[PDB]
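The chain that follows stands alone, in the form deposited in one PDB entry, written as structure tokens.
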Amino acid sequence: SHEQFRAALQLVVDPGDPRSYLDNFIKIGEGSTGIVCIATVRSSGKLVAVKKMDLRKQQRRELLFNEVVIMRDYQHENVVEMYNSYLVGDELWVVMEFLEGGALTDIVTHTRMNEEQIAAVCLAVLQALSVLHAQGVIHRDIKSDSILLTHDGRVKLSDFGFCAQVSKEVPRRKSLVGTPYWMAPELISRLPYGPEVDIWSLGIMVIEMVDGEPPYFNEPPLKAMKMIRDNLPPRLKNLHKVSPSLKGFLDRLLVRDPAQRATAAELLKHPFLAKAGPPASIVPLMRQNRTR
């Protein structure tokens, strides 16, 4: 059953051992589903990132199929590129493009972005979500650790370990998948749910960027899940330290009623996103830049 599951994965990953073509593996990070190293391609000296995920250590093993099939050849500007997947021992390795500037999380916990920078982030995420959502692709793990930056301050979405495929004919999902604090309420109450959860989650990430943490962060995960289910959408604490455009934008995102919650393609037309700075307005936020 392990052995069966390993066999099935072999059939969908690229053949070969990537240790043949890659060196200098160095752990630089962790997810729930596994670890992240950097490596270097033998032939060219180019750098890549590599997710290793132990097949025996997953909360839900079969999710491991999602990323490797769904993003197989997909190539958007605001999405991280997957190059290749391999099965190495009892681990799945996914070779990806390496992003220099690290994740949004580091920025959101060490500093308070202005609204131009916040817009820049949301604009980029939404582009990604527009194209993705239109292909029946739910990410289901939008949060600040899923957002990566280039050294020049461009923004890409990552962490497709939890994504899903919907279709015209079979519409909703019901499974409880995500990171608790960022979960949409209908997902928590395992009612039929769809793309719109990503929009809610982006809502929470906007509260991360403003208040420094998602709602209920101080609480244990299972309780928090219950609380998001039972309560009404969370309000900003910094109500007055923010602008009408942003507040307006937020209220389109943090709607309980999925049917009334906005869509990505809608939200691109939102005026708030017209404050979005260029890539270069993100760069002073990065670890290497903000402390002199």
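Residues that one form lacks are left out of the comparison. Start at 1 with the first residue shown and count on from there. Whichever C-alpha set is largest while still superposing within 1.5 Å between the two forms counts as the rigid core.
Beyond the structure shown, there is the form deposited in another entry, which is absent from this document and is the topic of what follows.
Only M71, out of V206, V79, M71, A124, shows a C-alpha shift of 2 Å or more between the shown form and the other one on alignment of the rigid core. Legend note: Cα of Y181 to Cα of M71 is at least 3 Å farther in that other deposited form than in the depicted form. Relative to this conformation, a decrease of 3 Å or more in the Cα-Cα distance between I70 and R154 is found in that other deposited form. Segments of 3 or more consecutive residues in which every C-alpha moves by 2 Å or more between the shown form and the other one, counting only residues present in both forms and fitting on the core, are 32-34, 69-74.
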